[PDB]
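> Okay, here's the structure, questions in a sec.
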Amino acid sequence: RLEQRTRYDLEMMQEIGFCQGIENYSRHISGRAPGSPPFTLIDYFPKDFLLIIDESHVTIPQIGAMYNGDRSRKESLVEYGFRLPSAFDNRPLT
DNA sequence: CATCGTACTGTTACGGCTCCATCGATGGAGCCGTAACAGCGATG
């Protein structure tokens, strides 16, 4: 199943260039090293920017929970041979 | 020019009968293309 899905995605990339499911190969596309965090809106901001968190006692746990939720969702997919192991890097920042 | 002789022949108009030539369109159904609509997990 993994081979069939990857072959279909590779053919779609070679012929057209972009399609659904292209987000799972973000690490390969951007050339990032394994385990590196993805570029985000904070990276777009200048290094001398100012950050304000409104209702911090609620916002901060929301920031924390995204990575755990995404990893829990993707663990079953990667385990059962549906997506490549590199799909773990298409994750929100810890 | 006058009179007489036991119901005369042939050729044309006109009405009725019959044969023959001459002559796509509309609604229903199926299909294609296009627009429209409905229908996981972790944390505090």
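We label chains A, B, ... in the order they appear in the structure tokens, count residues from 1 in each chain, and number ligands from 1 in the order shown.
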Residues of chain A within 9 Å of chain B, counting only C-alpha atoms (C1' of nucleotides), what are they? List them as a PDB file with C-alpha atoms, in the first residue's frame.

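So selection.pdb came out as:
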ATOM      1  CA  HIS A  57      -3.001  30.853  30.938  1.00  0.00           C
ATOM      2  CA  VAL A  58      -5.262  29.439  28.208  1.00  0.00           C
ATOM      3  CA  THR A  59      -3.188  30.149  25.088  1.00  0.00           C
ATOM      4  CA  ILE A  60       0.027  28.448  26.246  1.00  0.00           C
ATOM      5  CA  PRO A  61      -1.506  24.967  26.816  1.00  0.00           C
ATOM      6  CA  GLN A  62      -3.137  25.338  23.400  1.00  0.00           C
ATOM      7  CA  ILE A  63       0.316  25.931  21.909  1.00  0.00           C
ATOM      8  CA  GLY A  64       1.701  22.925  23.773  1.00  0.00           C
ATOM      9  CA  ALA A  65      -1.028  20.461  22.801  1.00  0.00           C
ATOM     10  CA  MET A  66      -0.711  20.755  19.001  1.00  0.00           C
ATOM     11  CA  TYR A  67       2.478  18.711  18.637  1.00  0.00           C
ATOM     12  CA  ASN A  68       1.192  15.882  20.832  1.00  0.00           C
ATOM     13  CA  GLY A  69      -2.121  15.795  18.974  1.00  0.00           C
ATOM     14  CA  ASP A  70      -0.461  15.741  15.555  1.00  0.00           C
ATOM     15  CA  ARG A  71       1.985  13.013  16.587  1.00  0.00           C
ATOM     16  CA  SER A  72      -0.818  10.896  18.058  1.00  0.00           C
ATOM     17  CA  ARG A  73      -2.831  11.277  14.851  1.00  0.00           C
TER      18      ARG A  73
END
> List the spatial neighbours of region 25-31 of chain A as JSON, numbers by chain - criterion: any atom at most 9 Å away, only C-alpha atoms (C1' of nucleotides), same-chain residues fewer than 6 positions off excluded.
{"A": [38, 84, 86, 87, 89, 90]}
> Next, dump the selected residues to file, keeping only N, CA, C and O atoms, as a JSON list (two decimals), in the first residue's frame.

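For reference, again_0.json as written:
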[["chain", "number", "residue", "atom", "x", "y", "z"],
["A", 38, "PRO", "N", 9.72, 23.06, 11.25],
["A", 38, "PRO", "CA", 9.38, 23.76, 10.00],
["A", 38, "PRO", "C", 9.43, 25.27, 10.17],
["A", 38, "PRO", "O", 9.31, 25.80, 11.28],
["A", 84, "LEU", "N", 5.12, 7.71, 4.54],
["A", 84, "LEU", "CA", 6.53, 7.52, 4.81],
["A", 84, "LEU", "C", 6.87, 8.01, 6.22],
["A", 84, "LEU", "O", 6.16, 8.87, 6.77],
["A", 86, "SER", "N", 9.08, 10.00, 7.03],
["A", 86, "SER", "CA", 9.43, 11.41, 6.95],
["A", 86, "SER", "C", 8.23, 12.33, 7.15],
["A", 86, "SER", "O", 8.42, 13.54, 7.34],
["A", 87, "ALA", "N", 7.01, 11.80, 7.11],
["A", 87, "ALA", "CA", 5.82, 12.61, 7.34],
["A", 87, "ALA", "C", 5.72, 13.12, 8.77],
["A", 87, "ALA", "O", 4.90, 14.01, 9.03],
["A", 89, "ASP", "N", 7.84, 14.93, 10.23],
["A", 89, "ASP", "CA", 8.42, 16.26, 10.28],
["A", 89, "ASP", "C", 7.46, 17.35, 9.82],
["A", 89, "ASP", "O", 7.76, 18.53, 10.01],
["A", 90, "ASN", "N", 6.33, 16.99, 9.22],
["A", 90, "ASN", "CA", 5.29, 17.96, 8.88],
["A", 90, "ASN", "C", 4.39, 18.17, 10.10],
["A", 90, "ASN", "O", 3.22, 17.78, 10.13]]
> Would you return as a VMD selection string the members of chain A that DSSP assigns to alpha helix (DSSP H) on this structure's backbone?
chain A and resid 2 to 15 26 to 30 41 to 44 56 to 79
> Could you pull the residues within 8 Å of residue 83 (chain A), counting only C-alpha atoms (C1' of nucleotides), minus those fewer than 4 positions along the same chain, as number ranges by chain?
A: 2, 24, 77-78, 87
> Just how far from CA of residue 74 (chain A) is CA of residue 33 (chain A), in Å to one decimal?
19.5 Å
> Excluding same-chain residues fewer than 2 positions from residue 37 (chain A), what lies within 8 Å of it counting only C-alpha atoms (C1' of nucleotides), as a PyMOL selection string?
chain A and resi 35+39+89+91-93
